[PDB]
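Fold and geometry: a report
These are the residues of each chain, in order.
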Amino acid sequence: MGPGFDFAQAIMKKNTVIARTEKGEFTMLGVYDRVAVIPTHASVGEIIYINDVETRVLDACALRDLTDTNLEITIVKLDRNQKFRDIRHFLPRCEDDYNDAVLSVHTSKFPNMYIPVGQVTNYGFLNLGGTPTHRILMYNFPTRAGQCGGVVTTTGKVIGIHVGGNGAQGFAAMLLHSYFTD
């Protein structure tokens, strides 16, 4: 509808796949080469389904900060025959607050879905389903199940992936440039 949804649409059309684990279907952001991200609570194993194709997982890493605290981001390398568009230059280098964010989801259940979530707070510490979690972004949208993995963008930046909510607010794990330095 406007330049926010334009940027979000550009990311969704080239840099997302539908990931299926034993914990369900997720939006999964491809970042560069065969490297993608997903909420750690997806519990990625040896094999994953990518757009309903059985795919071997070459590597999976559950990120923790240097305090040894959960970040809820799993970096996954896929045994796929095709590379993602490199979007590492759209990742912010620092933790920050942002205005006018969009949350974008694509699954079987929620295809071509885009939500204007508005202002995004650098929230920091969250007890997420009982797990101490750091580097959390918060937006005042009553987000629901099916939306985890969803991509949080501003015009020009990909800032995080949706990992939960409480019925009033939604929560995203920050993406930072430094996670994907090869």
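Regarding how it was determined, this PDB entry cites X-ray crystallography in its header, along with a resolution of 1.56 Å.

As recorded in the PDB entry, the protein goes by the name Protease 3C, listed as coming from Human Enterovirus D68.

1. Regarding helix α1 (residues 3-15)
For α1, which comprises 13 residues, the first-to-last C-alpha distance of 18 Å matches the rise-based estimate of 18 Å (1.5 Å per residue) to within 8%. Taken together, the buried positions of α1 are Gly4, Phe7, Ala8, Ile11, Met12 and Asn15. What you see down the axis of α1 is that its buried residues fit within an arc of 135°, all on one side. Exposed and oriented more than 90 degrees from the buried face of α1 are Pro3, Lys13 and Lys14. At its buried positions, α1 is contacted by β1 (16-21), β2 (24-32), β7 (98-105), β8 (113-128), β10 (151-154) and β11 (157-165).

2. Re the pattern of salt bridges
Using the criterion set out here, one finds six salt bridges in the structure. Note that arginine 20 and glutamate 25 form a salt bridge whose closest N and O atoms lie 4.0 Å from each other. Among the residues examined, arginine 20 registers a relative accessible area of 40% and is labelled partly exposed. For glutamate 95, the salt bridge is made with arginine 135, and the minimal N-O distance between the two is 2.9 Å. Of this pair, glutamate 95 sits in the loop between β6 (70-78) and β7 while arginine 135 sits in strand β9 (residues 131-139), and the two are 40 residues apart along the sequence. Residue classification places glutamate 95 among the partly exposed positions, given a relative accessible area of 37%. With relative accessibility at 23%, the residue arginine 135 sits in the partly exposed group. Shared partners join several salt bridges into a network, and the residues in it are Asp86, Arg88 and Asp182.

3. Digging into the environment of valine 44
By the secondary structure assignment, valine 44 is in the loop between β3 (35-39) and β4 (47-50). When the C-alpha positions of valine 44 and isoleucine 161 are compared, they lie 16 Å apart, and in sequence the two are 117 residues distant. Non-local contacts of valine 44, meaning those with residues more than four positions away in its chain, are made with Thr21, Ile38, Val57, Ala60 and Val76.

4. Description of the layout of surface pockets
Of the volumes computed, that of the largest pocket is approximately 240 Å³. Around the largest pocket, the lining is made up of 14 residues, and of these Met12, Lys13, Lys14, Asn15 and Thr16 lie nearest the centre. When residues of the lining of the largest pocket are traced back to their parent elements, those giving at least two are α1 and β1. When residues of the lining of the largest pocket are assigned to their parent elements, the largest contribution, four residues, is made by α1. Grouping the amino acids of the lining of the largest pocket by side-chain chemistry returns four nonpolar, five polar and five charged. When residues are assigned to domains, the lining of the largest pocket turns out to be shared by domain 1 (1-15 + 85-182) and domain 2 (16-84), each giving three or more.

5. Let's talk about the nonpolar core
In this structure, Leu29, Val37, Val158, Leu175 and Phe180 are the most contacted members of the largest nonpolar core, which totals 29 residues. Two domains share this core, each providing at least three of its residues, namely domain 1 (1-15 + 85-182) and domain 2 (16-84). Not counting chain neighbours up to four residues away, the residues in contact with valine 37 comprise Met28, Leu29, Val31, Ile73, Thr74, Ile75, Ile161, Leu175 and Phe180.

6. Section: the domain arrangement of the protein
You can read the domains of the protein as domain 1 (1-15 + 85-182) and domain 2 (16-84). A straight line from the C-alpha centre of domain 1 to that of domain 2 covers 16 Å. Counting residues at the interface gives 35 residues for domain 1, matched by 26 residues for domain 2. Summed over both sides, the interface between domain 1 and domain 2 buries roughly 2,400 Å², with carbon and sulfur atoms accounting for 66% of that surface. The largest contributions to the domain 1 side of the interface with domain 2 come from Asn15, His134 and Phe180, which together make up 23% of the buried area. For the pair domain 1 and domain 2, the number of links is zero salt bridges. At the level of secondary structure, the elements contributing two or more residues to the side of domain 1 that touches domain 2 comprise α1, β7, β9, β11 and β12 (170-174).

Definitions and limits used
- Residues numbered from 1 in each chain as written, not as in the entry; some residues may be left out.
- Heavy atoms only, no water.
- Helix = DSSP H or I, 4+ residues; strand = E, 2+ residues; numbered from the N terminus.
- Expected span 1.5 Å × (residues − 1).
- Buried < 20%, exposed > 50% of the residue type's maximum accessible area, 1.4 Å probe, protein only.
- Arc of directions from axis to C-beta.
- Contact = heavy atoms within 4.5 Å.
- Salt bridge = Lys/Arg side-chain N within 4 Å of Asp/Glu carboxyl O.
- 1 Å grid on protein atoms, 1.4 Å probe; cavity = no way out; pocket = protein on both sides within 12 Å on 5 of 7 lines; lining within 4 Å.
- Points joined across faces, edges and corners; volume = space filled by probe spheres on them.
- Nonpolar A, V, L, I, M, F, W, Y, C, P; charged D, E, K, R; others polar.
- Domains from an automatic or database assignment.
- Core = buried A, V, L, I, M, F, W, Y, C linked by side-chain atoms within 4.5 Å.
- Buried area = accessible area lost by both parts, 1.4 Å probe.

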